[PDB]
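**Q** Quick one, work19.txt (compact mmCIF, N, CA and C atoms):
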```txt
# COMPACT_ATOMS: atom_id res chain seq x y z
N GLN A 1 147.14 207.30 28.79
CA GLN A 1 145.94 208.00 29.22
C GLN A 1 146.06 208.48 30.66
N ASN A 2 146.67 207.68 31.53
CA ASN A 2 146.85 208.01 32.94
C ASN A 2 148.34 207.87 33.26
N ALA A 3 149.07 208.97 33.14
CA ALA A 3 150.50 208.99 33.42
C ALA A 3 150.85 210.27 34.17
N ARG A 4 151.65 210.12 35.23
CA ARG A 4 152.07 211.24 36.06
C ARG A 4 153.58 211.39 35.97
N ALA A 5 154.04 212.61 35.69
CA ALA A 5 155.46 212.89 35.58
C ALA A 5 156.04 213.27 36.94
N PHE A 6 157.36 213.23 37.03
CA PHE A 6 158.06 213.55 38.27
C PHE A 6 159.47 214.00 37.91
N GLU A 7 159.80 215.25 38.21
CA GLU A 7 161.11 215.82 37.95
C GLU A 7 161.81 216.10 39.27
N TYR A 8 163.03 215.59 39.41
CA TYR A 8 163.80 215.77 40.63
C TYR A 8 165.29 215.77 40.30
N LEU A 9 166.05 216.56 41.05
CA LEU A 9 167.49 216.66 40.88
C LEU A 9 168.17 216.10 42.13
N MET A 10 168.90 215.01 41.95
CA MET A 10 169.58 214.36 43.07
C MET A 10 170.78 215.19 43.51
N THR A 11 170.81 215.57 44.78
CA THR A 11 171.90 216.35 45.35
C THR A 11 172.70 215.50 46.33
N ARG A 12 173.81 216.07 46.80
CA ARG A 12 174.67 215.37 47.74
C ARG A 12 174.07 215.33 49.15
N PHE A 13 173.18 216.26 49.48
CA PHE A 13 172.55 216.32 50.79
C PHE A 13 171.06 216.02 50.72
N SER A 14 170.61 215.32 49.68
CA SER A 14 169.20 215.00 49.53
C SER A 14 168.81 213.84 50.45
N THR A 15 167.58 213.89 50.95
CA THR A 15 167.05 212.87 51.83
C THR A 15 165.94 212.09 51.14
N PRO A 16 165.76 210.81 51.49
CA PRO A 16 164.69 210.02 50.87
C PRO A 16 163.29 210.52 51.19
N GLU A 17 163.13 211.40 52.18
CA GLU A 17 161.82 211.93 52.53
C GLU A 17 161.33 212.98 51.55
N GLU A 18 162.16 213.40 50.59
CA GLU A 18 161.76 214.38 49.59
C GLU A 18 161.54 213.79 48.20
N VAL A 19 162.11 212.62 47.92
CA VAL A 19 161.93 212.00 46.60
C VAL A 19 160.65 211.17 46.57
N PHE A 20 160.50 210.26 47.53
CA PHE A 20 159.32 209.41 47.59
C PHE A 20 158.20 209.99 48.45
N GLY A 21 158.52 210.90 49.36
CA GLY A 21 157.53 211.50 50.21
C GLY A 21 157.85 211.32 51.68
N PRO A 22 157.52 212.33 52.49
CA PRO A 22 157.80 212.24 53.93
C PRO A 22 156.77 211.38 54.65
N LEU A 23 157.22 210.80 55.77
CA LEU A 23 156.37 209.94 56.58
C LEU A 23 155.66 210.76 57.65
N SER A 24 154.66 210.15 58.27
CA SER A 24 153.88 210.81 59.32
C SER A 24 154.37 210.40 60.70
N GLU A 25 151.63 205.17 56.08
CA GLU A 25 152.12 206.14 57.05
C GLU A 25 153.06 207.15 56.38
N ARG A 26 153.36 206.92 55.11
CA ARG A 26 154.25 207.78 54.33
C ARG A 26 153.41 208.54 53.31
N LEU A 27 153.46 209.87 53.39
CA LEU A 27 152.71 210.73 52.46
C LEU A 27 153.42 210.73 51.12
N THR A 28 153.10 209.72 50.31
CA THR A 28 153.70 209.54 48.99
C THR A 28 152.76 209.99 47.87
N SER A 29 151.85 210.92 48.15
CA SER A 29 150.89 211.38 47.15
C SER A 29 151.61 212.21 46.10
N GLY A 30 151.70 211.67 44.88
CA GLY A 30 152.35 212.37 43.79
C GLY A 30 153.85 212.51 43.96
N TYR A 31 154.57 211.40 43.82
CA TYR A 31 156.02 211.41 43.97
C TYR A 31 156.67 210.39 43.04
N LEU A 32 157.03 209.23 43.59
CA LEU A 32 157.71 208.19 42.82
C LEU A 32 156.98 206.85 42.85
N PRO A 33 156.50 206.37 44.01
CA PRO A 33 155.78 205.09 44.00
C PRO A 33 154.51 205.11 43.17
N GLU A 34 153.87 206.26 43.02
CA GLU A 34 152.67 206.36 42.20
C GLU A 34 152.90 207.29 41.02
N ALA A 35 153.89 206.98 40.19
CA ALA A 35 154.22 207.77 39.02
C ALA A 35 154.61 206.85 37.88
N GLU A 36 154.06 207.11 36.69
CA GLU A 36 154.35 206.27 35.54
C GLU A 36 155.73 206.56 34.96
N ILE A 37 156.11 207.84 34.88
CA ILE A 37 157.40 208.25 34.34
C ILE A 37 158.07 209.16 35.36
N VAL A 38 159.27 208.80 35.79
CA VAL A 38 160.04 209.59 36.75
C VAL A 38 161.33 210.04 36.08
N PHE A 39 161.80 211.22 36.48
CA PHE A 39 163.03 211.80 35.94
C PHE A 39 163.96 212.14 37.09
N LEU A 40 165.18 211.61 37.05
CA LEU A 40 166.19 211.86 38.08
C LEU A 40 167.42 212.44 37.41
N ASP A 41 167.63 213.74 37.58
CA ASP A 41 168.77 214.43 37.00
C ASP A 41 169.99 214.30 37.90
N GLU A 42 171.14 214.06 37.28
CA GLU A 42 172.41 213.91 37.98
C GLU A 42 172.33 212.81 39.03
N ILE A 43 172.40 211.55 38.59
CA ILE A 43 172.30 210.42 39.51
C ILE A 43 173.64 209.99 40.09
N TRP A 44 174.75 210.49 39.55
CA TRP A 44 176.08 210.13 40.03
C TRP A 44 176.57 211.03 41.16
N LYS A 45 175.65 211.51 42.01
CA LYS A 45 176.07 212.36 43.12
C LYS A 45 175.11 212.29 44.31
N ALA A 46 174.23 211.30 44.38
CA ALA A 46 173.30 211.19 45.49
C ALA A 46 173.98 210.54 46.70
N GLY A 47 173.28 210.56 47.83
CA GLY A 47 173.80 209.99 49.05
C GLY A 47 173.63 208.48 49.09
N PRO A 48 174.16 207.87 50.15
CA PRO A 48 174.05 206.41 50.28
C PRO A 48 172.64 205.94 50.61
N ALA A 49 171.79 206.80 51.17
CA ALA A 49 170.43 206.39 51.50
C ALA A 49 169.56 206.30 50.26
N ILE A 50 169.78 207.18 49.28
CA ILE A 50 168.98 207.15 48.06
C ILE A 50 169.40 205.99 47.17
N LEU A 51 170.68 205.64 47.17
CA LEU A 51 171.16 204.53 46.35
C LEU A 51 170.64 203.19 46.87
N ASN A 52 170.44 203.07 48.18
CA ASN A 52 169.94 201.83 48.76
C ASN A 52 168.46 201.60 48.47
N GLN B 1 150.00 246.93 37.36
CA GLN B 1 148.87 247.42 38.15
C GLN B 1 148.61 246.51 39.35
N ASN B 2 148.73 245.20 39.16
CA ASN B 2 148.51 244.21 40.22
C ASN B 2 149.75 243.33 40.30
N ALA B 3 150.69 243.73 41.16
CA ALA B 3 151.93 243.00 41.36
C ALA B 3 152.25 242.93 42.84
N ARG B 4 152.61 241.74 43.31
CA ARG B 4 152.95 241.51 44.71
C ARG B 4 154.41 241.11 44.82
N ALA B 5 155.13 241.75 45.72
CA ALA B 5 156.54 241.46 45.94
C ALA B 5 156.72 240.40 47.01
N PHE B 6 157.91 239.82 47.05
CA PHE B 6 158.23 238.77 48.02
C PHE B 6 159.74 238.77 48.23
N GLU B 7 160.17 239.19 49.42
CA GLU B 7 161.58 239.23 49.78
C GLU B 7 161.87 238.12 50.78
N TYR B 8 162.83 237.27 50.46
CA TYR B 8 163.19 236.15 51.33
C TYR B 8 164.67 235.84 51.16
N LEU B 9 165.29 235.39 52.25
CA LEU B 9 166.70 235.02 52.26
C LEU B 9 166.81 233.52 52.48
N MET B 10 167.37 232.82 51.50
CA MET B 10 167.52 231.37 51.59
C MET B 10 168.65 231.03 52.56
N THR B 11 168.34 230.23 53.57
CA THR B 11 169.30 229.80 54.57
C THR B 11 169.60 228.31 54.41
N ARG B 12 170.60 227.85 55.16
CA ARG B 12 170.98 226.44 55.10
C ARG B 12 169.96 225.54 55.78
N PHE B 13 169.17 226.07 56.72
CA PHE B 13 168.16 225.31 57.42
C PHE B 13 166.75 225.78 57.08
N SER B 14 166.57 226.32 55.87
CA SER B 14 165.26 226.80 55.45
C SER B 14 164.35 225.64 55.07
N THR B 15 163.06 225.80 55.35
CA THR B 15 162.06 224.79 55.04
C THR B 15 161.10 225.29 53.97
N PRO B 16 160.57 224.40 53.13
CA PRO B 16 159.62 224.84 52.10
C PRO B 16 158.32 225.40 52.66
N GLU B 17 158.02 225.17 53.94
CA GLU B 17 156.80 225.69 54.54
C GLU B 17 156.88 227.18 54.82
N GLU B 18 158.06 227.79 54.73
CA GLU B 18 158.21 229.22 54.97
C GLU B 18 158.35 230.03 53.68
N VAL B 19 158.72 229.40 52.58
CA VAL B 19 158.88 230.10 51.31
C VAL B 19 157.58 230.11 50.51
N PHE B 20 157.05 228.92 50.21
CA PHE B 20 155.81 228.82 49.45
C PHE B 20 154.57 228.93 50.32
N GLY B 21 154.68 228.68 51.62
CA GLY B 21 153.56 228.76 52.52
C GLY B 21 153.33 227.47 53.27
N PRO B 22 152.91 227.57 54.53
CA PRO B 22 152.67 226.37 55.33
C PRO B 22 151.32 225.74 55.00
N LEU B 23 151.26 224.42 55.18
CA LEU B 23 150.05 223.66 54.91
C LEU B 23 149.17 223.59 56.16
N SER B 24 147.93 223.18 55.96
CA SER B 24 146.97 223.07 57.06
C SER B 24 146.83 221.63 57.52
N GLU B 25 144.90 223.28 50.42
CA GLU B 25 145.30 222.70 51.70
C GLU B 25 146.58 223.36 52.22
N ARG B 26 147.15 224.25 51.42
CA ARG B 26 148.37 224.96 51.77
C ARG B 26 148.07 226.45 51.83
N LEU B 27 148.32 227.06 53.00
CA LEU B 27 148.08 228.49 53.20
C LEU B 27 149.18 229.27 52.48
N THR B 28 148.97 229.49 51.19
CA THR B 28 149.92 230.21 50.35
C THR B 28 149.50 231.65 50.09
N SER B 29 148.79 232.27 51.03
CA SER B 29 148.32 233.64 50.87
C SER B 29 149.51 234.59 50.94
N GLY B 30 149.90 235.14 49.79
CA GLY B 30 151.01 236.07 49.73
C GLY B 30 152.35 235.41 49.99
N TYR B 31 152.82 234.61 49.04
CA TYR B 31 154.09 233.92 49.19
C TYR B 31 154.83 233.83 47.86
N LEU B 32 154.63 232.73 47.13
CA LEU B 32 155.33 232.51 45.87
C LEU B 32 154.38 232.06 44.76
N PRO B 33 153.47 231.10 44.99
CA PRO B 33 152.56 230.70 43.90
C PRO B 33 151.65 231.82 43.42
N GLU B 34 151.38 232.83 44.25
CA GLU B 34 150.54 233.96 43.86
C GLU B 34 151.33 235.26 44.06
N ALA B 35 152.47 235.36 43.37
CA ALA B 35 153.32 236.53 43.44
C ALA B 35 153.87 236.84 42.05
N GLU B 36 153.83 238.11 41.66
CA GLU B 36 154.31 238.50 40.35
C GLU B 36 155.83 238.59 40.31
N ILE B 37 156.45 239.15 41.35
CA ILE B 37 157.89 239.30 41.43
C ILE B 37 158.36 238.72 42.75
N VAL B 38 159.27 237.75 42.69
CA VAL B 38 159.82 237.11 43.88
C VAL B 38 161.32 237.39 43.93
N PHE B 39 161.83 237.55 45.15
CA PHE B 39 163.24 237.84 45.38
C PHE B 39 163.80 236.81 46.36
N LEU B 40 164.87 236.14 45.95
CA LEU B 40 165.54 235.12 46.76
C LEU B 40 167.00 235.50 46.90
N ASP B 41 167.39 235.97 48.08
CA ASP B 41 168.76 236.37 48.35
C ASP B 41 169.59 235.17 48.79
N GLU B 42 170.81 235.08 48.26
CA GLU B 42 171.74 233.99 48.56
C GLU B 42 171.12 232.63 48.22
N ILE B 43 171.09 232.35 46.92
CA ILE B 43 170.49 231.11 46.43
C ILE B 43 171.46 229.94 46.42
N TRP B 44 172.75 230.18 46.64
CA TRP B 44 173.74 229.11 46.62
C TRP B 44 173.90 228.49 48.00
N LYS B 45 172.82 228.47 48.79
CA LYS B 45 172.89 227.86 50.12
C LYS B 45 171.53 227.38 50.62
N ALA B 46 170.59 227.09 49.73
CA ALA B 46 169.27 226.62 50.13
C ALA B 46 169.27 225.10 50.28
N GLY B 47 168.16 224.56 50.75
CA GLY B 47 168.03 223.13 50.94
C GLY B 47 167.69 222.41 49.66
N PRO B 48 167.80 221.08 49.69
CA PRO B 48 167.49 220.29 48.49
C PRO B 48 166.01 220.23 48.17
N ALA B 49 165.13 220.40 49.16
CA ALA B 49 163.70 220.34 48.89
C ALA B 49 163.20 221.61 48.22
N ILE B 50 163.71 222.77 48.63
CA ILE B 50 163.28 224.03 48.03
C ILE B 50 163.90 224.22 46.66
N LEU B 51 165.10 223.69 46.43
CA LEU B 51 165.75 223.84 45.13
C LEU B 51 165.07 223.00 44.07
N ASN B 52 164.59 221.81 44.43
CA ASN B 52 163.91 220.95 43.47
C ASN B 52 162.55 221.51 43.08
```
The structure in this file should be written as structure tokens.

**A**
Amino acid sequence: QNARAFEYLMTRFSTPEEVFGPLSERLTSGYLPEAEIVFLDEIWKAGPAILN
Amino acid sequence: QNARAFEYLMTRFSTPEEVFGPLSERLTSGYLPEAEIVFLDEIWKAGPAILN
């Protein structure tokens, strides 16, 4: 009844401020921490900050 | 009869606030969400936030 989708493509130069939301305290409105179903395309190529 | 054009060149340091419109809730007057035909030159060099 209450589910929010999230589509994102992990790149080699992607930053954590774009997947979960940028900080100001972190503007995470509609991203990953508040999403029922998340989709991450191509996970075998992200940076070390996203894997941590 | 009612079509708005949009010419933009994607750069390596481009920000989403210049393509879709800067926020104040987002001043998207004449950008991409309200445009019939959009043009993006050199798409193989944009940032990860605008590509997603």

**Q** Of the candidates B:41, B:36, B:48, B:2, which one gets nearest to residue A:15 if we count all atoms listed in the file?

**A** B:48

**Q** Enumerate as a short mmCIF file (atom, residue, chain, number, x, y, z; two decimals) with N, CA and C atoms, in the coordinates of the input the residues belonging to chain A that approach chain B to within 7 Å, with all atoms listed in the file taken into account.

**A**
```
data_model
loop_
_atom_site.label_atom_id
_atom_site.label_comp_id
_atom_site.auth_asym_id
_atom_site.auth_seq_id
_atom_site.Cartn_x
_atom_site.Cartn_y
_atom_site.Cartn_z
N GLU A 7 159.80 215.25 38.21
CA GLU A 7 161.11 215.82 37.95
C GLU A 7 161.81 216.10 39.27
N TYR A 8 163.03 215.59 39.41
CA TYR A 8 163.80 215.77 40.63
C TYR A 8 165.29 215.77 40.30
N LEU A 9 166.05 216.56 41.05
CA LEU A 9 167.49 216.66 40.88
C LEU A 9 168.17 216.10 42.13
N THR A 11 170.81 215.57 44.78
CA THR A 11 171.90 216.35 45.35
C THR A 11 172.70 215.50 46.33
N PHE A 13 173.18 216.26 49.48
CA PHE A 13 172.55 216.32 50.79
C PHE A 13 171.06 216.02 50.72
N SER A 14 170.61 215.32 49.68
CA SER A 14 169.20 215.00 49.53
C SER A 14 168.81 213.84 50.45
N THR A 15 167.58 213.89 50.95
CA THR A 15 167.05 212.87 51.83
C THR A 15 165.94 212.09 51.14
N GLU A 18 162.16 213.40 50.59
CA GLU A 18 161.76 214.38 49.59
C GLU A 18 161.54 213.79 48.20
#
```

**Q** Pairing every C-alpha atom in order, fit chain B onto chain A and give me the RMSD in Å.

**A**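 With chain B fitted onto chain A, the C-alpha RMSD reads 0.3 Å.
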
**Q** Could you please determine the separation between atom CA of residue B:5 and atom CA of residue B:46 in Å, to one decimal place?

**A**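 A separation of 20.0 Å between them.
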
**Q** Show me, as a ChimeraX atom specification, the residues that have an atom within 8 Å of residue A:30 when counting only N, CA and C atoms, minus same-chain residues fewer than 6 positions from it.

**A** /A:4-6,19-21

**Q** Return as a list in words the full set of residues in stretch 2-40 of chain B whose backbone-based DSSP assignment is helix (DSSP H, G or I).

**A**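 Answer for stretch 2-40 of chain B restricted to helix (DSSP H, G or I) is residues 16, 17, 18 and 19 of chain B.
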
**Q** Grab the residues selected above and save them as a short mmCIF file (atom, residue, chain, number, x, y, z; two decimals), in the frame of the given file with N, CA and C atoms.

**A**
```
data_model
loop_
_atom_site.label_atom_id
_atom_site.label_comp_id
_atom_site.auth_asym_id
_atom_site.auth_seq_id
_atom_site.Cartn_x
_atom_site.Cartn_y
_atom_site.Cartn_z
N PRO B 16 160.57 224.40 53.13
CA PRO B 16 159.62 224.84 52.10
C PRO B 16 158.32 225.40 52.66
N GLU B 17 158.02 225.17 53.94
CA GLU B 17 156.80 225.69 54.54
C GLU B 17 156.88 227.18 54.82
N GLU B 18 158.06 227.79 54.73
CA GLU B 18 158.21 229.22 54.97
C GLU B 18 158.35 230.03 53.68
N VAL B 19 158.72 229.40 52.58
CA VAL B 19 158.88 230.10 51.31
C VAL B 19 157.58 230.11 50.51
#
```

**Q** One decimal, in Å: what's the spacing between atom CA of residue B:23 and atom C of residue A:17?

**A** 15.9 Å

**Q** DSSP on the backbone: what in chain A comes out strand (DSSP E or B), as a ChimeraX atom specification?

**A** /A:7-9,23,26,39-41

**Q** Would you work out the distance separating atom CA of residue A:28 from atom CA of residue B:24, expressed in Å to one decimal?

**A** 17.1 Å

**Q** Emit as JSON the padded axis-aligned box for all listed atoms of stretch 6-10 of chain A, 5 Å per side, with centre and edge lengths in Å to one decimal.

**A**
```
{"center_x": 164.1, "center_y": 214.9, "center_z": 40.3, "size_x": 23.4, "size_y": 13.4, "size_z": 16.5}
```

**Q** Save stretch 18-31 of chain B to a file: N, CA, C and O atoms, as a JSON list (two decimals), in the first residue's frame.

**A**
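Contents of the output file result12.json:
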```
[["chain", "number", "residue", "atom", "x", "y", "z"],
["B", 18, "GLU", "N", 21.64, 23.18, -13.56],
["B", 18, "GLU", "CA", 21.69, 23.98, -14.78],
["B", 18, "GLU", "C", 20.94, 23.34, -15.94],
["B", 18, "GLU", "O", 20.59, 24.05, -16.89],
["B", 19, "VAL", "N", 20.70, 22.04, -15.90],
["B", 19, "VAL", "CA", 19.99, 21.35, -16.98],
["B", 19, "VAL", "C", 18.49, 21.35, -16.74],
["B", 19, "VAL", "O", 17.71, 21.84, -17.56],
["B", 20, "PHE", "N", 18.05, 20.79, -15.61],
["B", 20, "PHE", "CA", 16.63, 20.73, -15.28],
["B", 20, "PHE", "C", 16.12, 22.00, -14.61],
["B", 20, "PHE", "O", 14.91, 22.25, -14.63],
["B", 21, "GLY", "N", 17.00, 22.81, -14.03],
["B", 21, "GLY", "CA", 16.60, 24.03, -13.37],
["B", 21, "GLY", "C", 17.04, 24.07, -11.92],
["B", 21, "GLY", "O", 17.04, 23.05, -11.22],
["B", 22, "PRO", "N", 17.42, 25.25, -11.45],
["B", 22, "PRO", "CA", 17.85, 25.38, -10.05],
["B", 22, "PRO", "C", 16.67, 25.44, -9.10],
["B", 22, "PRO", "O", 15.58, 25.89, -9.44],
["B", 23, "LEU", "N", 16.92, 24.97, -7.88],
["B", 23, "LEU", "CA", 15.90, 24.95, -6.84],
["B", 23, "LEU", "C", 15.93, 26.25, -6.04],
["B", 23, "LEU", "O", 16.88, 27.03, -6.12],
["B", 24, "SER", "N", 14.87, 26.47, -5.26],
["B", 24, "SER", "CA", 14.75, 27.67, -4.45],
["B", 24, "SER", "C", 15.11, 27.38, -3.00],
["B", 24, "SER", "O", 15.99, 28.03, -2.43],
["B", 25, "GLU", "N", 9.23, 23.73, -5.97],
["B", 25, "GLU", "CA", 10.37, 24.22, -5.21],
["B", 25, "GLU", "C", 11.60, 24.36, -6.10],
["B", 25, "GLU", "O", 12.64, 24.84, -5.66],
["B", 26, "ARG", "N", 11.47, 23.93, -7.35],
["B", 26, "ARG", "CA", 12.55, 23.98, -8.33],
["B", 26, "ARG", "C", 12.13, 24.89, -9.48],
["B", 26, "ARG", "O", 11.11, 24.63, -10.13],
["B", 27, "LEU", "N", 12.92, 25.94, -9.72],
["B", 27, "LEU", "CA", 12.64, 26.88, -10.80],
["B", 27, "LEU", "C", 13.00, 26.23, -12.13],
["B", 27, "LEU", "O", 14.09, 26.40, -12.68],
["B", 28, "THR", "N", 12.05, 25.46, -12.66],
["B", 28, "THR", "CA", 12.22, 24.74, -13.92],
["B", 28, "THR", "C", 11.53, 25.44, -15.09],
["B", 28, "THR", "O", 11.11, 24.77, -16.04],
["B", 29, "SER", "N", 11.41, 26.76, -15.04],
["B", 29, "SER", "CA", 10.74, 27.52, -16.10],
["B", 29, "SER", "C", 11.60, 27.49, -17.36],
["B", 29, "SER", "O", 12.63, 28.16, -17.43],
["B", 30, "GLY", "N", 11.17, 26.71, -18.35],
["B", 30, "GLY", "CA", 11.90, 26.61, -19.60],
["B", 30, "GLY", "C", 13.22, 25.89, -19.47],
["B", 30, "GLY", "O", 14.28, 26.51, -19.54],
["B", 31, "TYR", "N", 13.16, 24.57, -19.27],
["B", 31, "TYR", "CA", 14.37, 23.78, -19.11],
["B", 31, "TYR", "C", 14.21, 22.40, -19.75],
["B", 31, "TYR", "O", 14.47, 22.23, -20.95]]
```
